[PDB]
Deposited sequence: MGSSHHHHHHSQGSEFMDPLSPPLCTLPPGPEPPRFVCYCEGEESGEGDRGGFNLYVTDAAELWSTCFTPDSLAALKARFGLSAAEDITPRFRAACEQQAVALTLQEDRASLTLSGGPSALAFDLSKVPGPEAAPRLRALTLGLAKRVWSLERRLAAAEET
């Protein structure tokens, strides 16, 4: 269950999805945001992630649990200009710079994201019969 959430909150139609990967054969960590046209990412490097785990609480030894938190808790603000993402679930507030992922990389990610979500919905409702 990789965490995610949509925006805006509540009734209205969803305009953005925020999600992340991956801490686990483990990948480095990133947040993603898409309007299902374009895709923005933290595009972290080891140093830049470390320097953000600097500016706030954590040791370099996961952020997933805290993003999972703000998702579960609908606690995510977002702002784009020619982007930034804020997690307000937890004790301190975290701010993330996000930049555009180039098309050739973004397209396959979006495609895979769509198919994956479809599989997850099927599987979730099967596990709702329980």
**OP:** Extract from the deposited sequence all ranges with no corresponding C-alpha coordinates, numbering residues from 1.
**Re:** 1-20, 45-48, 86, 108-109, 158-161
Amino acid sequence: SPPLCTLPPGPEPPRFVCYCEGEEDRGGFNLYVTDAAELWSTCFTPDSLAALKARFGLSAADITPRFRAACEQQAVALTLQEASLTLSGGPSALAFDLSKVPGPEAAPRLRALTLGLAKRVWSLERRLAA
From here on, numbers count along this sequence of modelled residues.
Original post:
Between 14-22 and 117-125, which has the higher average C-alpha B-factor in the PDB entry?
Top reply: 117-125
Subject >> Higher-B stretch (mean Cα B-factor, as the entry records it), 44-52 or 31-39 >> reply: 44-52
**OP:** Could you check 58, 87, 78, 101 and tell me which one carries the biggest Cα B-factor in the deposited entry?
**Re:** 58
Original post:
Lowest, middle or highest third: where is residue 130 by Cα B-factor in its chain?
Top reply: highest
